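So the structure is just underneath, and the comments pick up after that.
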Amino acid sequence: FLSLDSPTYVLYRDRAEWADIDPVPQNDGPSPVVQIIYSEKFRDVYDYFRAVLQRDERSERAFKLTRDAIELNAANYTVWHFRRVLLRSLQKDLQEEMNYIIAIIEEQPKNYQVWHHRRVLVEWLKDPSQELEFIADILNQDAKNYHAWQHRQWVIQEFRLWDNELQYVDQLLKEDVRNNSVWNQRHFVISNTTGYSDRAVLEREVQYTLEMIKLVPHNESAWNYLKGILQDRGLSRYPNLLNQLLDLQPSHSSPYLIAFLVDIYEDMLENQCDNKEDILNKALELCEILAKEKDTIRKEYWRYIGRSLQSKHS
Amino acid sequence: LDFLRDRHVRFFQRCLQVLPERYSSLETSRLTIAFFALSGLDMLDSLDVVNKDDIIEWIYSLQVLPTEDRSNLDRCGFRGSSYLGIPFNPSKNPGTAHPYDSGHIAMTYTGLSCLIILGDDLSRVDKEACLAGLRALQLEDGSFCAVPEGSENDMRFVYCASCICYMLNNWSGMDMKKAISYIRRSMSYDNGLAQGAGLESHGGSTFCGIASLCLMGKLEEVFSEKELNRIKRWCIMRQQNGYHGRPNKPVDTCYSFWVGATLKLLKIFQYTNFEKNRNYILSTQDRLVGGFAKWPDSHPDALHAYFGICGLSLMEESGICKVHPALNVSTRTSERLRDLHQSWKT
Ligand SMILES: COc1ccccc1[C@@H]1CNC(=O)CC12CCN(C(=O)[C@](OC)(c1ccccc1)C(F)(F)F)CC2
Ligand SMILES: [Cl-]
Ligand SMILES: [Zn+2]
């Protein structure tokens, strides 16, 4: 209730209701290390916070003391935990909290402790009704916020809310087709629903992926996915894909494509294929092209594959 | 341009000293800062500039100890800092019980790592306790929390466990089979490792997983050659000029280690571009205050200084000891531990 920056703010140490508690100071003793200096008003709040902790006190006054200590440092895991204890003890309307946090996560959406506190509140309420809409609001500010995606993946798993998340993916790839975080969510959704082993879903997905290369071909994230959803089936086994990519070579060539092809020719070699002597050279033409002029910052990685391919297959 | 060894010392000196209430948010994890500074100096061979003996006291002041009655074995390890308000006790007197006081996996890790670096022999570490607490942090899924009270779990702490177990030279502190599941479970459709099964592949995660296995000595057993091959590609595809944390993201000095070390453990760091890694790293070096930031013309911090310097050390940069890439301490300190172990084994 008493705002930390009200004119009439008063220290806890000159507060009537708090007269009876002896505050607890922090002491790092003779040599401190990475000492933080702390204001009057701060050390006060945290001197009383330590006291109320020491004494496992399940008061209201304590519950309010937490909000003030979270204001000064929302990184203090202990403060959050103790707030969660008072939420339990005092039997607090968890919805009032689920709003209190929504505000703080916005101000601090890389903060582990608040993403946790929101998760706990949903495990308690078993109510994901709020979650997907709120996470897309955080994702609208940072569409690669690892905390937000973690939470979203956990909600969608824990309350099997899969029905709309593929549409949401399709939307955020229309938004930034280069977002590694969204190509992940796509495979997360499919891999936990349809699964890829339906031949028809695979046609769907490989087609969709290629469209988004024709659209923007220098995009690791799309090629990663194409390889992803195919590499365990055997890149060799789809000869319409090999021939399709060879026809992009002139206009849509990227290190990502040339690579893909090497990885096809490697799988072909692995699946004792027709023309080891020949395929190998097709793969080495490419390892050399990569090193020579396509993917030069891996000059020596691609050279090393050249050596690795010849030693597996001669 | 060129590496400001002298200033990078003056920098780490400062970290260890004092900071304003602007840094409030580090209170609950000062020991990790301490580590970045102290390994920082250890890595520049300028540890002499600190009061080792007096820091070793501070560190030990942070160890959570078993009580008279050993009820609280599950809650032992180290604290981030004294912020709970416990009487200063450099592991002299026994446990002083407190509902909420308990260790933190990252601090148990950074605490031990610091002590070894500083010279101390871990004699005052109650190992059985730290290990007991460590175990109590592991979940069904094989990953770890950071505190018994509950918290995020993910690959970071799998590493922290791996490192504690490695340093105490006693893997009793974890269920390695389950830990190893979590690591394997966590590989992505792009063959990078993620915070945990499902999530985005990420250079930090990827390190933690790989190094954790390398510490367990199971890297070879846990992933097929085909797998390690796909993992290596993921990692080396992270270099654009400086390495980035995850694909289609802009570089950061810190990954010039996270991914660097990953590649060095997979025995192919040699096939990276050294000139562009070095430029980019130095590109961030702050020439007025010292240290390094994630990006250039941009404010430097203890972590990005340590990791920049370590990521340079991976390229046998001049004036910086070889870093031990799985254990994240100077090779000197790693050698210093070999001995500390050959000693206990009698
Ligand atoms: C997705 O984020 C990551 C995942 C896995 C590893 C590393 C990172 C990341 C790298 N760069 C950063 O700026 C922050 C991060 C590393 C420091 N962090 C810690 O938690 C850490 O030091 C502060 C740590 C120390 C050594 C190893 C792993 C973590 C602690 F464990 F000691 F607490 C937070 C994340
Ligand atoms: Cl190497
Ligand atoms: Zn960084």
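The residue numbers of chain B are those assigned by Swiss-Prot, with the residues present covering 18-363 sequentially.
Positions of Cβ are set from backbone N, Cα and C atoms, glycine also.
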Residue among B:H219, B:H321, B:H341 sharing the Zn(2+) site, where Swiss-Prot lists B:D269, B:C271 as binders: B:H321
Reduced DSSP assignment, B:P264 (geranylgeranyl diphosphate binding site): coil
Those binding-site residues of B:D269, B:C271, B:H321 having Cα within 10 angstroms of B:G221 (geranylgeranyl diphosphate binding site): B:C271
Distance [Cα-Cα, Å, rounded] between B:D269 (Zn(2+) binding site) and B:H219 (geranylgeranyl diphosphate binding site): 13
Other CB atoms, at most 10 A from the CB of B:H321 (Zn(2+) binding site): 26
Residues that sit under 8 angstroms from B:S273 (geranylgeranyl diphosphate binding site) by C-beta distance, when 6+ apart in the chain: B:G259, B:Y260, B:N294, B:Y297, B:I298, B:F324, B:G325, B:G328, B:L329, B:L331
Integer Cα-Cα distance in angstrom, B:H321 (Zn(2+) binding site) to B:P264 (geranylgeranyl diphosphate binding site): 20
Nearest-integer angstrom distance between the alpha carbons (Cα) of B:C271 (Zn(2+) binding site) and B:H219 (geranylgeranyl diphosphate binding site): 13
